[PDB]
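Enquirer: Here it is: the structure, laid out below.
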Amino acid sequence: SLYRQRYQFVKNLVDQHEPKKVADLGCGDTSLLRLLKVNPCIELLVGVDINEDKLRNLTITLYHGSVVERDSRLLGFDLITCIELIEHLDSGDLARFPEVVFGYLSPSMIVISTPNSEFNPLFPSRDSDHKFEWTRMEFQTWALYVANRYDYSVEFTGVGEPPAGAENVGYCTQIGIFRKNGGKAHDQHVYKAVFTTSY
Ligand SMILES: C[S@@+](CC[C@H](N)C(=O)[O-])C[C@H]1O[C@@H](n2cnc3c(N)ncnc32)[C@H](O)[C@@H]1O
């Protein structure tokens, strides 16, 4: 339902900008990668996840690894996505996350999605699934800070519109699209490749 919408958001973005090198950080069961490989613009498609069990002309590679460690094999990418990841990082990792993804990796575009804790109406269905949840203001102040620090511009959108009678208090999933200002523009191998294929 909503995960479908998130994936389709990313697919639409890929169709629009045709990135050649795409990485999904916190890729989970690799569903998003499976969807994106459809598009022939992509020449390199990479997934990274700390959960090894979930991972068990075109090159596709899956790495067991953490978003807060610098691996040089993820340098020079066109698009990096972090879909529903940041709300599972503890304060330390959250603090390190931008210096690695924006500072070190420095891709042309980054997409970050996270729940809008203010979403109206809250659908009854747990909060204990993740570490934290952010309001729109919390996400946007964080995202603007990161944007200004690393010389990206950030566009806010999301997926999952309020149902027709509800007061609009944002999308269910809030999304920041970060674009490197000006556009494009030693080996540190840390990740362990779990799977790779090329053809
Ligand atoms: C809520 S799931 C999102 C999965 C996928 N992105 C999606 O939208 O379907 C969060 C994922 O992030 C992974 N993860 C959590 N911390 C991570 C870290 N520090 N480095 C890489 N992956 C991490 C988890 O194992 C999990 O697969």
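Identifiers in this document derive from the order of the structure tokens: chains are assigned A, B, ..., residues are numbered from 1 separately in each chain, and ligands are numbered from 1 in order of occurrence.
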Counting only C-alpha atoms and all ligand atoms, which residues of chain A sit at most 6 Å from some atom of ligand 1, and what is each one's closest atom pair with its distance in Å to one decimal, listed by chain and rising residue number, as a tab-separated table?
Expert:
residue	atom	partner	partner_atom_place_in_ligand_line	distance
A:25	CA	ligand 1	21 (C)	5.8
A:26	CA	ligand 1	12 (O)	3.6
A:27	CA	ligand 1	6 (N)	4.4
A:28	CA	ligand 1	27 (O)	3.5
A:48	CA	ligand 1	21 (C)	5.9
A:49	CA	ligand 1	22 (N)	3.8
A:50	CA	ligand 1	21 (C)	4.4
A:51	CA	ligand 1	25 (O)	4.6
A:65	CA	ligand 1	21 (C)	5.9
A:66	CA	ligand 1	20 (N)	3.4
A:67	CA	ligand 1	20 (N)	4.0
A:83	CA	ligand 1	6 (N)	4.4
A:84	CA	ligand 1	3 (C)	4.8
A:85	CA	ligand 1	10 (C)	4.6
A:88	CA	ligand 1	15 (C)	5.5
A:89	CA	ligand 1	16 (N)	5.8
Enquirer: Show me, as a PDB file with N, CA and C atoms, in the first residue's frame, the residues that have an atom within 12 Å of range 104-106 of chain A when counting only C-alpha atoms, minus same-chain residues fewer than 2 positions from it.
Expert:
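Result file is result.pdb:
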ATOM      1  N   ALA A  23      22.254   3.674  -5.676  1.00  0.00           N
ATOM      2  CA  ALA A  23      22.371   2.842  -4.480  1.00  0.00           C
ATOM      3  C   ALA A  23      21.227   3.076  -3.497  1.00  0.00           C
ATOM      4  N   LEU A  25      20.351   2.469   0.381  1.00  0.00           N
ATOM      5  CA  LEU A  25      20.938   2.226   1.687  1.00  0.00           C
ATOM      6  C   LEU A  25      19.842   1.833   2.663  1.00  0.00           C
ATOM      7  N   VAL A  67      25.374   2.171   7.012  1.00  0.00           N
ATOM      8  CA  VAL A  67      25.340   3.479   6.364  1.00  0.00           C
ATOM      9  C   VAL A  67      26.269   4.483   7.024  1.00  0.00           C
ATOM     10  N   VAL A  68      26.743   4.186   8.235  1.00  0.00           N
ATOM     11  CA  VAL A  68      27.638   5.114   8.921  1.00  0.00           C
ATOM     12  C   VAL A  68      29.121   4.737   8.784  1.00  0.00           C
ATOM     13  N   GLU A  69      29.445   3.806   7.897  1.00  0.00           N
ATOM     14  CA  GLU A  69      30.854   3.604   7.577  1.00  0.00           C
ATOM     15  C   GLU A  69      31.110   3.956   6.119  1.00  0.00           C
ATOM     16  N   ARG A  70      32.287   4.508   5.861  1.00  0.00           N
ATOM     17  CA  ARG A  70      32.642   4.972   4.532  1.00  0.00           C
ATOM     18  C   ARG A  70      33.218   3.845   3.709  1.00  0.00           C
ATOM     19  N   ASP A  71      32.521   3.475   2.646  1.00  0.00           N
ATOM     20  CA  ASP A  71      33.075   2.527   1.690  1.00  0.00           C
ATOM     21  C   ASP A  71      33.284   3.221   0.355  1.00  0.00           C
ATOM     22  N   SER A  72      34.520   3.198  -0.141  1.00  0.00           N
ATOM     23  CA  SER A  72      34.870   3.961  -1.334  1.00  0.00           C
ATOM     24  C   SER A  72      34.177   3.449  -2.603  1.00  0.00           C
ATOM     25  N   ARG A  73      33.604   2.252  -2.551  1.00  0.00           N
ATOM     26  CA  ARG A  73      32.957   1.706  -3.739  1.00  0.00           C
ATOM     27  C   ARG A  73      31.596   2.387  -3.984  1.00  0.00           C
ATOM     28  N   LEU A  74      31.196   3.279  -3.084  1.00  0.00           N
ATOM     29  CA  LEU A  74      29.923   3.995  -3.259  1.00  0.00           C
ATOM     30  C   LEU A  74      30.132   5.455  -3.626  1.00  0.00           C
ATOM     31  N   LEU A  75      31.385   5.808  -3.893  1.00  0.00           N
ATOM     32  CA  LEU A  75      31.724   7.121  -4.405  1.00  0.00           C
ATOM     33  C   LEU A  75      31.266   7.292  -5.856  1.00  0.00           C
ATOM     34  N   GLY A  76      30.915   8.526  -6.202  1.00  0.00           N
ATOM     35  CA  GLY A  76      30.621   8.906  -7.569  1.00  0.00           C
ATOM     36  C   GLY A  76      29.254   8.506  -8.077  1.00  0.00           C
ATOM     37  N   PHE A  77      28.298   8.287  -7.183  1.00  0.00           N
ATOM     38  CA  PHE A  77      26.978   7.840  -7.632  1.00  0.00           C
ATOM     39  C   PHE A  77      26.077   9.016  -8.048  1.00  0.00           C
ATOM     40  N   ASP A  78      25.050   8.688  -8.817  1.00  0.00           N
ATOM     41  CA  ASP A  78      24.109   9.666  -9.333  1.00  0.00           C
ATOM     42  C   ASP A  78      22.919   9.785  -8.392  1.00  0.00           C
ATOM     43  N   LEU A  79      22.505   8.664  -7.811  1.00  0.00           N
ATOM     44  CA  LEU A  79      21.355   8.665  -6.912  1.00  0.00           C
ATOM     45  C   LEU A  79      21.557   7.726  -5.732  1.00  0.00           C
ATOM     46  N   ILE A  80      21.353   8.223  -4.523  1.00  0.00           N
ATOM     47  CA  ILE A  80      21.345   7.350  -3.360  1.00  0.00           C
ATOM     48  C   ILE A  80      20.030   7.541  -2.614  1.00  0.00           C
ATOM     49  N   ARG A  96      26.189  10.621  12.748  1.00  0.00           N
ATOM     50  CA  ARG A  96      27.224  10.331  11.750  1.00  0.00           C
ATOM     51  C   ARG A  96      26.697  10.230  10.313  1.00  0.00           C
ATOM     52  N   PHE A  97      25.396   9.995  10.175  1.00  0.00           N
ATOM     53  CA  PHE A  97      24.805   9.659   8.878  1.00  0.00           C
ATOM     54  C   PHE A  97      25.078  10.723   7.795  1.00  0.00           C
ATOM     55  N   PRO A  98      24.813  12.025   8.082  1.00  0.00           N
ATOM     56  CA  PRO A  98      25.059  12.995   7.003  1.00  0.00           C
ATOM     57  C   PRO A  98      26.524  13.146   6.594  1.00  0.00           C
ATOM     58  N   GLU A  99      27.473  12.989   7.512  1.00  0.00           N
ATOM     59  CA  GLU A  99      28.871  13.185   7.150  1.00  0.00           C
ATOM     60  C   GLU A  99      29.333  12.077   6.198  1.00  0.00           C
ATOM     61  N   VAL A 100      28.768  10.891   6.356  1.00  0.00           N
ATOM     62  CA  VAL A 100      29.064   9.791   5.444  1.00  0.00           C
ATOM     63  C   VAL A 100      28.328   9.931   4.106  1.00  0.00           C
ATOM     64  N   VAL A 101      27.002  10.060   4.156  1.00  0.00           N
ATOM     65  CA  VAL A 101      26.212  10.031   2.920  1.00  0.00           C
ATOM     66  C   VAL A 101      26.361  11.336   2.131  1.00  0.00           C
ATOM     67  N   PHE A 102      26.241  12.484   2.794  1.00  0.00           N
ATOM     68  CA  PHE A 102      26.398  13.767   2.104  1.00  0.00           C
ATOM     69  C   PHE A 102      27.864  14.189   1.986  1.00  0.00           C
ATOM     70  N   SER A 108      25.052  12.885  -6.662  1.00  0.00           N
ATOM     71  CA  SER A 108      24.361  13.997  -7.309  1.00  0.00           C
ATOM     72  C   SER A 108      22.992  14.250  -6.675  1.00  0.00           C
ATOM     73  N   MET A 109      22.293  13.170  -6.344  1.00  0.00           N
ATOM     74  CA  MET A 109      20.979  13.256  -5.724  1.00  0.00           C
ATOM     75  C   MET A 109      20.847  12.247  -4.585  1.00  0.00           C
ATOM     76  N   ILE A 110      20.198  12.670  -3.504  1.00  0.00           N
ATOM     77  CA  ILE A 110      19.854  11.820  -2.377  1.00  0.00           C
ATOM     78  C   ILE A 110      18.357  11.902  -2.085  1.00  0.00           C
ATOM     79  N   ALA A 147      21.282  20.252   4.147  1.00  0.00           N
ATOM     80  CA  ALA A 147      21.379  20.835   2.811  1.00  0.00           C
ATOM     81  C   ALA A 147      22.397  21.984   2.789  1.00  0.00           C
ATOM     82  N   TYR A 150      26.150  20.831   3.389  1.00  0.00           N
ATOM     83  CA  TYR A 150      26.871  20.105   2.337  1.00  0.00           C
ATOM     84  C   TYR A 150      26.629  20.636   0.912  1.00  0.00           C
ATOM     85  N   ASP A 151      25.981  21.793   0.802  1.00  0.00           N
ATOM     86  CA  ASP A 151      25.757  22.467  -0.482  1.00  0.00           C
ATOM     87  C   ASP A 151      24.850  21.642  -1.407  1.00  0.00           C
ATOM     88  N   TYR A 152      23.755  21.147  -0.833  1.00  0.00           N
ATOM     89  CA  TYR A 152      22.630  20.587  -1.579  1.00  0.00           C
ATOM     90  C   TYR A 152      21.421  21.536  -1.449  1.00  0.00           C
ATOM     91  N   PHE A 178      17.228  15.787  -2.204  1.00  0.00           N
ATOM     92  CA  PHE A 178      18.401  16.655  -2.123  1.00  0.00           C
ATOM     93  C   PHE A 178      19.165  16.602  -3.441  1.00  0.00           C
ATOM     94  N   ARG A 179      19.395  17.774  -4.022  1.00  0.00           N
ATOM     95  CA  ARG A 179      20.127  17.896  -5.268  1.00  0.00           C
ATOM     96  C   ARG A 179      21.422  18.672  -5.065  1.00  0.00           C
ATOM     97  N   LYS A 180      22.545  18.106  -5.488  1.00  0.00           N
ATOM     98  CA  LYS A 180      23.826  18.788  -5.304  1.00  0.00           C
ATOM     99  C   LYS A 180      23.862  20.079  -6.106  1.00  0.00           C
ATOM    100  N   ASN A 181      24.158  21.196  -5.440  1.00  0.00           N
ATOM    101  CA  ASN A 181      24.234  22.485  -6.124  1.00  0.00           C
ATOM    102  C   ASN A 181      25.360  22.501  -7.160  1.00  0.00           C
ATOM    103  N   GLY A 183      25.218  20.636  -9.724  1.00  0.00           N
ATOM    104  CA  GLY A 183      25.125  19.326 -10.358  1.00  0.00           C
ATOM    105  C   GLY A 183      26.432  18.554 -10.267  1.00  0.00           C
ATOM    106  N   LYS A 184      26.637  17.606 -11.185  1.00  0.00           N
ATOM    107  CA  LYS A 184      27.939  16.943 -11.345  1.00  0.00           C
ATOM    108  C   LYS A 184      28.876  17.903 -12.103  1.00  0.00           C
ATOM    109  N   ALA A 185      30.160  18.070 -11.737  1.00  0.00           N
ATOM    110  CA  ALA A 185      30.959  17.339 -10.728  1.00  0.00           C
ATOM    111  C   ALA A 185      31.033  15.837 -10.987  1.00  0.00           C
ATOM    112  N   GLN A 188      38.904   2.565   0.452  1.00  0.00           N
ATOM    113  CA  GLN A 188      38.415   2.133   1.754  1.00  0.00           C
ATOM    114  C   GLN A 188      37.351   1.067   1.549  1.00  0.00           C
TER     115      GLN A 188
END
Enquirer: Show which residues sit within 6 Å of range 111-116 of chain A, as a list in words. Count only C-alpha atoms, and ignore same-chain residues fewer than 5 positions away.
Expert: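 In the requested form, the answer reads residues 81, 82, 83, 84, 135, 172, 173, 174, 175, 176 and 177 of chain A.
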Enquirer: Go ahead and dump the residues you just picked, N, CA and C atoms, as a PDB file, in the first residue's frame.
Expert:
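What landed in result.pdb:
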ATOM      1  N   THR A  81      19.365   6.431  -2.290  1.00  0.00           N
ATOM      2  CA  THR A  81      18.072   6.477  -1.615  1.00  0.00           C
ATOM      3  C   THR A  81      18.186   5.879  -0.226  1.00  0.00           C
ATOM      4  N   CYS A  82      17.532   6.531   0.730  1.00  0.00           N
ATOM      5  CA  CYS A  82      17.403   6.018   2.083  1.00  0.00           C
ATOM      6  C   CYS A  82      15.928   6.052   2.451  1.00  0.00           C
ATOM      7  N   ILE A  83      15.250   4.957   2.156  1.00  0.00           N
ATOM      8  CA  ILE A  83      13.811   4.867   2.301  1.00  0.00           C
ATOM      9  C   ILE A  83      13.448   4.230   3.635  1.00  0.00           C
ATOM     10  N   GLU A  84      12.821   5.013   4.507  1.00  0.00           N
ATOM     11  CA  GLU A  84      12.434   4.552   5.841  1.00  0.00           C
ATOM     12  C   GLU A  84      13.617   3.980   6.633  1.00  0.00           C
ATOM     13  N   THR A 135       8.205  15.119  13.463  1.00  0.00           N
ATOM     14  CA  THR A 135       7.213  15.998  12.875  1.00  0.00           C
ATOM     15  C   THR A 135       7.747  16.568  11.579  1.00  0.00           C
ATOM     16  N   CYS A 172       1.627  11.158   4.695  1.00  0.00           N
ATOM     17  CA  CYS A 172       1.914  10.108   5.659  1.00  0.00           C
ATOM     18  C   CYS A 172       3.425   9.825   5.727  1.00  0.00           C
ATOM     19  N   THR A 173       4.051   9.790   4.555  1.00  0.00           N
ATOM     20  CA  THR A 173       5.505   9.657   4.441  1.00  0.00           C
ATOM     21  C   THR A 173       6.061  10.963   3.925  1.00  0.00           C
ATOM     22  N   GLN A 174       6.976  11.577   4.668  1.00  0.00           N
ATOM     23  CA  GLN A 174       7.559  12.828   4.204  1.00  0.00           C
ATOM     24  C   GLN A 174       8.881  12.508   3.538  1.00  0.00           C
ATOM     25  N   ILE A 175       9.178  13.269   2.492  1.00  0.00           N
ATOM     26  CA  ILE A 175      10.316  12.967   1.645  1.00  0.00           C
ATOM     27  C   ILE A 175      11.104  14.226   1.372  1.00  0.00           C
ATOM     28  N   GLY A 176      12.425  14.112   1.450  1.00  0.00           N
ATOM     29  CA  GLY A 176      13.293  15.180   1.013  1.00  0.00           C
ATOM     30  C   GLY A 176      14.085  14.704  -0.191  1.00  0.00           C
ATOM     31  N   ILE A 177      14.040  15.484  -1.267  1.00  0.00           N
ATOM     32  CA  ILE A 177      14.876  15.248  -2.435  1.00  0.00           C
ATOM     33  C   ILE A 177      16.003  16.264  -2.405  1.00  0.00           C
TER      34      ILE A 177
END
Enquirer: For range 161-164 of chain A, find every residue with an atom within 9 Å (counting only C-alpha atoms), except residues of its own chain fewer than 3 positions away, and show them as a VMD selection string.
Expert: chain A and resid 119 to 121 158 167 to 173
Enquirer: Write a file of the just-selected residues containing C-alpha atoms, as a compact mmCIF listing (two decimals), in the first residue's frame.
Expert:
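New file result10.txt:
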# COMPACT_ATOMS: atom_id res chain seq x y z
CA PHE A 119 -0.02 12.79 9.84
CA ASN A 120 -3.79 13.28 10.11
CA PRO A 121 -5.65 11.09 10.65
CA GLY A 158 5.94 12.84 0.26
CA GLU A 167 -7.57 18.35 7.86
CA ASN A 168 -4.37 18.32 5.80
CA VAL A 169 -1.40 17.93 8.15
CA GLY A 170 1.06 16.67 5.52
CA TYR A 171 1.77 13.39 3.74
CA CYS A 172 1.91 10.11 5.66
CA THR A 173 5.50 9.66 4.44
Enquirer: Report, in Å with one decimal, the straight-line distance from CA of residue 134 in chain A to CA of residue 118 in chain A.
Expert: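 Rounded to one decimal, the two atoms are 8.0 Å apart.
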Enquirer: Would you please work out which residue, of A:125, A:157, A:61, A:31, is nearest to residue 193 in chain A when using only C-alpha atoms?
Expert: A:61
Enquirer: Determine which residues of range 75-175 of chain A receive a DSSP assignment of strand (DSSP E), computed from the backbone, and state them as a PyMOL selection string.
Expert: chain A and resi 79-83+109-115+152-159+173-175
Enquirer: Using backbone DSSP assignments, extract all alpha helix (DSSP H) residues from range 114-166 of chain A; output them as a list in words.
Expert: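 Output for range 114-166 of chain A, alpha helix (DSSP H) only: residues 136, 137, 138, 139, 140, 141, 142, 143, 144, 145, 146, 147, 148, 149 and 150 of chain A.
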Enquirer: Could you write those residues out with N, CA and C atoms, as a CSV table (one decimal), in the first residue's frame?
Expert:
chain,number,residue,atom,x,y,z
A,136,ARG,N,6.9,17.3,10.9
A,136,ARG,CA,7.3,18.0,9.7
A,136,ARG,C,8.4,19.0,10.0
A,137,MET,N,8.2,19.8,11.0
A,137,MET,CA,9.2,20.8,11.4
A,137,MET,C,10.5,20.1,11.8
A,138,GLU,N,10.5,19.0,12.5
A,138,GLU,CA,11.8,18.4,12.9
A,138,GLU,C,12.5,17.9,11.7
A,139,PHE,N,11.8,17.3,10.7
A,139,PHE,CA,12.4,16.7,9.5
A,139,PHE,C,13.0,17.9,8.7
A,140,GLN,N,12.2,18.9,8.5
A,140,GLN,CA,12.6,20.0,7.6
A,140,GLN,C,13.7,20.8,8.2
A,141,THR,N,13.7,21.0,9.5
A,141,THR,CA,14.9,21.8,10.1
A,141,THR,C,16.1,20.9,10.0
A,142,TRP,N,16.0,19.6,10.2
A,142,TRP,CA,17.2,18.7,10.0
A,142,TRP,C,17.7,18.7,8.6
A,143,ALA,N,16.8,18.6,7.6
A,143,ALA,CA,17.1,18.5,6.2
A,143,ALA,C,17.6,19.8,5.7
A,144,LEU,N,17.1,20.9,6.1
A,144,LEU,CA,17.6,22.2,5.7
A,144,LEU,C,19.1,22.4,6.2
A,145,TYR,N,19.3,22.1,7.5
A,145,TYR,CA,20.6,22.1,8.1
A,145,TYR,C,21.6,21.3,7.3
A,146,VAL,N,21.3,20.0,7.0
A,146,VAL,CA,22.1,19.2,6.2
A,146,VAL,C,22.3,19.7,4.8
A,147,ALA,N,21.3,20.3,4.1
A,147,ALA,CA,21.4,20.8,2.8
A,147,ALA,C,22.4,22.0,2.8
A,148,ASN,N,22.2,22.9,3.7
A,148,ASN,CA,23.1,24.1,3.8
A,148,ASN,C,24.6,23.7,4.1
A,149,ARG,N,24.7,22.7,5.0
A,149,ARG,CA,26.1,22.3,5.3
A,149,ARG,C,26.8,21.7,4.2
A,150,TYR,N,26.2,20.8,3.4
A,150,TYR,CA,26.9,20.1,2.3
A,150,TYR,C,26.6,20.6,0.9
Enquirer: Using only C-alpha atoms, pick whichever of A:32, A:189, A:199, A:2 has the shortest atom-to-atom distance to residue 14 in chain A.
Expert: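 Closest to residue 14 in chain A, using only C-alpha atoms: A:32.
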Enquirer: For the atom pair CA of residue 156 in chain A and CA of residue 122 in chain A, what is the interatomic distance in Å to one decimal place?
Expert: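 A separation of 20.7 Å between them.
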Enquirer: Nearest residue to residue 63 in chain A out of A:36, A:41, A:46, A:22, using only C-alpha atoms?
Expert: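 Comparing A:36, A:41, A:46, A:22 against residue 63 in chain A, the winner is A:46.
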Enquirer: Report, in Å to a single decimal, how far apart CA of residue 195 in chain A and CA of residue 55 in chain A are.
Expert: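 Atom-to-atom, CA of residue 55 in chain A to CA of residue 195 in chain A, that is 8.2 Å.
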Enquirer: For residue 12 in chain A, which residue among A:38, A:64, A:107, A:29 is the nearest when counting only C-alpha atoms?
Expert: A:38
Enquirer: Could you check the closest approach to residue 130 in chain A for each of A:58, A:194, A:87, A:165 and tell me which residue wins, using only C-alpha atoms?
Expert: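 Of the candidates, the smallest distance to residue 130 in chain A is held by A:87.
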